[PDB]
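A.B. asks: Encoded as structure tokens, here's the structure I'll be asking about.
There are 2 protein chains.
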Amino acid sequence: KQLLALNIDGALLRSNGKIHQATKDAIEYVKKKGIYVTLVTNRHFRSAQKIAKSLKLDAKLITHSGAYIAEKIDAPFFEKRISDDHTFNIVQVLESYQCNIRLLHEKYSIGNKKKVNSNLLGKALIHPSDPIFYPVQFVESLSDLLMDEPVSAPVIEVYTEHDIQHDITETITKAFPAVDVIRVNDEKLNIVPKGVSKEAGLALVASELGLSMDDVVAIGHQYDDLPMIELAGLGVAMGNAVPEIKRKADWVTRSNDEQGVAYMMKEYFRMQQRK
Amino acid sequence: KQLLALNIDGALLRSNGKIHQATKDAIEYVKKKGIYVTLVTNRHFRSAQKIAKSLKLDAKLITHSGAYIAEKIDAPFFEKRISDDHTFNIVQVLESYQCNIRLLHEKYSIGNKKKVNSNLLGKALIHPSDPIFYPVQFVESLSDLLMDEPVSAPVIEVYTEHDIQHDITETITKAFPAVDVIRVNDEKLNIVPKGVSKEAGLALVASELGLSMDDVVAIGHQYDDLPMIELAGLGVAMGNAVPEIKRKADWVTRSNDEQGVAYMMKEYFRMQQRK
Ligand SMILES: [Mg+2]
């Protein structure tokens, strides 16, 4: 294998947001062996890049659910975003539902203030804004703000109770042919430009490197990771993934709180040594 | 003539920052006659675009001294910026001089806190930051900040007393072949990527429209406007420009506090009617 692609949340990071020393040591070793290491994430580019900096990756990172692929923010390798007018229209529709909305731009994030009965929203790791490089604000009315401040969003994140996800998904897919809806988990959807995804972004990076998906190890933990797990040469589910995802993977490793990334890569190399 | 290009500061705007009703009326008339109206400015893109919105321009605007040409911020027609490493190195050199430095990014601006004996700095119109869309911050040490927060700047603005401009200009030009130094006035320099300028940006826009510089009316007021004044089919100096600029123009109009833009365009049309 020639390319290792890792989720950040639920894989690289422990549930307290720390990167374990064993994980750092495993990634350093992987790189020393000539394997290209990148991140494949729903996180905004800036958060992903600071993590990459900690791991000394110097790689094209696949961020904003595949909509933004870059090594340095001002000069992306691949970018796609929802038009400002479509973003406004989508926000108006979502405002009629009980859902928390976040426009996840690479330069800032803006969300509404609607409270939802969602525990995964409560569990999700919060990471810093920066008042210059990444302001994060909430407003009571997103669509009112967008009237005078249009936003062209690479990703719109939608948190809800599970009961209405199918309806929101149907309503958006039908009304907006320019976007796709990606189910992340029971309480979170990403709305992205049509054709954008983690697996599509990963394919673009592998192709750029002269590799195929056959040459890729992909490590994921949620529903939106399933396609890259199925399509990669070796698709790995973290121990903290739900049972369905674990059944669908080629390989199940330990959890993100038990250094499952390091554990899996140690075995990958033992396998190499045996062969 | 087919294309009207206007400065914002010192031309479109009165010295109190207001756009006079006569100016609005003149621009509406120009557009109704089929003439393409755009802005050519040292201002950051966002400030230029809000002004364009007020004038209902819907045009490609030439901003950041020609480094950023766009109708909508996320999707530029033309962009060039100084690399992050060159930006850092340039800032380090400038820090050894008595000068106020501002990194004029399209998403934010960051400057140092050095005080200079400069009245044109005192006179220059301040326009709003926005905590989401355009944060503006000052730090004691720009180069220290850039160590952990690299910036790839379309323009670096440098304010000084007049006595050291030549030395700074020489030092930068010699040390950084990837950039050009543009003298704006006796107390302000812009450092831009090589080949970037107001006149170059204007040429790119005219070419995109199937026009030549011959078809352009350009209205400017400072040293950095001289090339487009000389190169445009009709180059106009505002009344508030210094005498040298007024001598070099084809036509001198009234000042920005006496509606010189409106006054000049009224004559342009009287000329048309006579012909
Ligand atoms: Mg861009």
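So the sequence lines, in the order shown, correspond to chains A and A'. A prime marks a further copy of an entry chain.
Taking PDB author numbering, the leading residue of the first sequence gets 3, the next gets one more, and so forth.
Taking PDB author numbering, the leading residue of the second sequence gets 3, the next gets one more, and so forth.
Just so it is clear, CB atoms sit at the ideal spot from N, CA and C, and this is done for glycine as well.
#1: Using the rule of at least 16 other Cβ atoms within 10 Å of the residue's Cβ for burial, across every protein chain shown, is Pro130(A) buried or exposed?
#2: Suppose only complete runs of 4+ residues qualify. What are the alpha helix (DSSP H) ranges in the stretch 77 to 129 of chain A, listed by chain order?
#3: Using CA atoms only, rank isn't needed, just tell me which of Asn121(A'), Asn9(A') and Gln4(A') is closest to residue 285(A').
#4: Name the residue from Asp259(A'), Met230(A') and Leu96(A') whose alpha carbon lies nearest to the alpha carbon of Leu191(A').
#5: Interface residues of chain A around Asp76(A') at Cβ under 7 Å?
#6: In whole angstroms, what separates the C-alpha of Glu232(A') from that of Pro152(A)?
#7: Should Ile64(A') be flagged as near chain A, meaning a C-beta pair shorter than 8 Å?
#8: Do the stretch 158 to 174 of chain A' and the stretch 131 to 141 of chain A' touch if we need at least three Cβ pairs shorter than 8 Å?
#9: Just checking: is the beta-carbon of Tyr161(A') within a distance shorter than 8 Å of some beta-carbon in chain A?
#10: In the DSSP output, what is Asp252(A) paired with across the bridge?
#11: Beta-carbon within less than 6 Å of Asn44(A')'s beta-carbon, same chain only, minus the 5 sequence neighbours each way: which residues are those?
#12: Helix or strand or just coil, what does DSSP make of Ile231(A')?
#13: Mind checking if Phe79(A') is an interface residue toward chain A, Cβ cutoff 8 Å exclusive?
#14: Hey, how far is the Cα of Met240(A) from the Cα of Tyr38(A')?
#15: Kindly list the residues whose CB is nearer than 8 Å to the CB of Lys117(A), restricted to its own chain and excluding five residues on each side of it in sequence; keep chain order.
#16: In the structure shown, what three-state DSSP assignment does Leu204(A) receive?
#17: Taking the Cβ atom as the reference point for each residue, do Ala28(A') and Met267(A') lie within a distance shorter than 8 Å?
#18: Measure the alpha-carbon distance for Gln139(A') versus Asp216(A) and round it to whole angstroms.
#19: Nearest to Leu236(A') by alpha carbon, out of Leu228(A'), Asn242(A'), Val219(A') and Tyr225(A')?
#20: Are the C-beta atoms of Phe135(A') and some chain A residue less than 8 Å apart?
#21: Look at the Cβ atom of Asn242(A'), then the Cβ atom of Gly19(A'), and state whether they are nearer than 8 Å.
#22: Quick check: the stretch 114 to 128 of chain A' against the stretch 55 to 66 of chain A', are there 3 or more CB pairs under 8 Å?
#23: What is the DSSP secondary structure of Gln4(A), counted as helix, strand or coil?
#24: By the three-class DSSP mapping on this structure, what secondary structure does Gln139(A) have?
#25: If distances are taken between C-alpha atoms only, which option among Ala155(A), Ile221(A) and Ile84(A) comes closest to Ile112(A)?
#26: Taking 8 Å as the threshold, find out whether the stretch 196 to 203 of chain A comes into contact with the stretch 177 to 184 of chain A through three or more Cβ pairs.
#27: Tell me whether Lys52(A') sits in a helix, a strand or coil according to DSSP, three-state version.
#28: Taking CB distances under 8 Å as the criterion, tell me whether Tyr110(A) reaches chain A'.
#29: Taking Cβ to Cβ, would you say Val244(A) is nearer than 8 Å to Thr255(A)?
#30: Pull out every residue of the stretch 137 to 150 of chain A whose Cβ sits closer than 7 Å to any Cβ of chain A', in chain order.
#31: Quick check on this structure: which residue in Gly124(A), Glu142(A), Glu30(A) and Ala205(A) has the alpha carbon closest to the alpha carbon of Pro229(A)?
#32: I'd like the span of the alpha helix (DSSP H) that includes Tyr225(A'), first residue to last.
#33: Among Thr173(A'), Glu142(A'), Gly262(A') and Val207(A'), which one has its Cα closest to the Cα of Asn91(A')?
#34: Using three-state DSSP, classify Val198(A') as helix, strand or coil.
#35: So, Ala208(A) versus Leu5(A), is the Cβ gap smaller than 8 Å?
C.D. replies: Once the coordinates are examined:
#1: Indexing the first sequence from 1 puts residue 130(A) at position 128. Exposed, because fewer than 16 other Cβ atoms sit within 10 Å of the Cβ of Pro130(A).
#2: Segments of the alpha helix (DSSP H) lying fully in the stretch 77 to 129 of chain A: 86 to 97 and 121 to 125.
#3: This structure cannot settle anything about residue 285(A'), because the visible part of chain A' is limited to 3 through 277.
#4: Counted from its first residue, the second sequence places residue 191(A') at position 189. Scanning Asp259(A'), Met230(A') and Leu96(A') for the CA closest to the CA of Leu191(A') turns up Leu96(A').
#5: Numbered from its first residue, the second sequence carries residue 76(A') at position 74. For the C-beta of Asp76(A'), the chain A residues within less than 7 Å are, from N- to C-terminus, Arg83 and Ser154.
#6: Within the second sequence, numbered from 1, the residue matching residue 232(A') stands at position 230. Within the first sequence, numbered from 1, the residue matching residue 152(A) stands at position 150. When rounded, the distance between both Cα atoms is 37 Å.
#7: For the purposes of this step, residue 64(A') is taken as the residue at position 62 of the second sequence. No, its Cβ sits nowhere closer than 8 Å to a Cβ of chain A.
#8: Flag = no, the stretch 158 to 174 of chain A' and the stretch 131 to 141 of chain A' do not touch.
#9: Residue 161(A') sits at position 159 when you count from the first residue of the second sequence. Closer than 8 Å: no.
#10: Here residue 252(A) is taken as the residue at index 250 of the first sequence, counted from 1. Partner residues in a beta bridge of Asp252(A), as assigned by DSSP, do not exist.
#11: Here residue 44(A') is taken as the residue at index 42 of the second sequence, counted from 1. Its chain contains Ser67 as the residues whose beta carbon lies nearer than 6 Å to that of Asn44(A'), once the 5 sequence neighbours on both sides are disregarded; these appear in chain order.
#12: Taking the first residue of the second sequence as 1, we reach residue 231(A') at position 229. For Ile231(A'), the secondary structure class from DSSP, reduced to helix, strand or coil, is helix.
#13: One-based indexing of the second sequence puts residue 79(A') at position 77. Closer than 8 Å: no.
#14: As a working note, residue 240(A) is residue 238 in the first sequence. As a working note, residue 38(A') is residue 36 in the second sequence. Those two C-alpha atoms are separated by around 58 Å.
#15: Here residue 117(A) is taken as the residue at index 115 of the first sequence, counted from 1. Taking C-beta separations shorter than 8 Å and ignoring five residues to either side along the sequence, the partners of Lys117(A) in its chain run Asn102, following chain order.
#16: Here residue 204(A) corresponds to residue number 202 of the first sequence, with the count starting at 1. Helix.
#17: For the purposes of this step, residue 28(A') is taken as residue 26 along the second sequence, with counting starting at 1. For the purposes of this step, residue 267(A') is taken as residue 265 along the second sequence, with counting starting at 1. Their beta carbons are under 8 Å apart, which means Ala28(A') touches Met267(A') by this criterion.
#18: Stepping through the second sequence from its first residue, residue 139(A') is reached at position 137. Stepping through the first sequence from its first residue, residue 216(A) is reached at position 214. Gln139(A') and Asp216(A) have their C-alpha atoms spaced approximately 48 Å apart.
#19: Start at 1 with the first residue of the second sequence, and residue 236(A') comes out as number 234. When only C-alpha atoms are compared, the closest one is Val219(A').
#20: Locating residue 135(A') in the second sequence gives position 133, counting from the first residue. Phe135(A') counts as touching chain A.
#21: Taking the first residue of the second sequence as position 1, residue 242(A') is located at position 240. Taking the first residue of the second sequence as position 1, residue 19(A') is located at position 17. Going by C-beta atoms, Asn242(A') is not nearer than 8 Å to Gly19(A').
#22: At 8 Å Cβ cutoff, the stretches do not touch.
#23: For the purposes of this step, residue 4(A) is identified with residue 2 of the first sequence, where counting begins at 1. In this structure, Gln4(A) counts as coil in the three-state DSSP scheme.
#24: On the first sequence, position 137 is the one that residue 139(A) refers to. Strand.
#25: By 1-based counting over the first sequence, the position of residue 112(A) is 110. Relative to the Cα of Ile112(A), the nearest Cα in the group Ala155(A), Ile221(A) and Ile84(A) belongs to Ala155(A).
#26: With the cut-off at 8 Å, the stretch 196 to 203 of chain A and the stretch 177 to 184 of chain A touch.
#27: What you label residue 52(A') is simply residue 50 of the second sequence in a count that begins at 1. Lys52(A'): helix per DSSP, three-state reduction.
#28: On the first sequence, position 108 is the one that residue 110(A) refers to. Judged by the 8 Å Cβ criterion, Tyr110(A) is in contact with chain A'.
#29: Residue numbering aside, residue 244(A) sits at position 242 when the first sequence is read from its first letter. Residue numbering aside, residue 255(A) sits at position 253 when the first sequence is read from its first letter. No, they are not a contact pair.
#30: Of all residues in the stretch 137 to 150 of chain A, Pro137 and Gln139 have a Cβ within less than 7 Å of some Cβ in chain A'.
#31: Locating residue 229(A) in the first sequence gives position 227, counting from the first residue. Ranked by Cα distance from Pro229(A), the first of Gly124(A), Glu142(A), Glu30(A) and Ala205(A) is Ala205(A).
#32: The sequence position of residue 225(A') within the second sequence is 223, counting from 1. No alpha helix (DSSP H) holds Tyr225(A'); DSSP gives it neither H nor E.
#33: Counted from its first residue, the second sequence places residue 91(A') at position 89. Nearest in C-alpha terms to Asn91(A'), of all of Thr173(A'), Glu142(A'), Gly262(A') and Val207(A'), is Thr173(A').
#34: On the second sequence, position 196 is the one that residue 198(A') refers to. Taken through DSSP and simplified to helix, strand or coil, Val198(A') comes out as coil.
#35: For the purposes of this step, residue 208(A) is taken as the residue at position 206 of the first sequence. For the purposes of this step, residue 5(A) is taken as the residue at position 3 of the first sequence. In this structure, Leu5(A) lies closer than 8 Å to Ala208(A) by Cβ.
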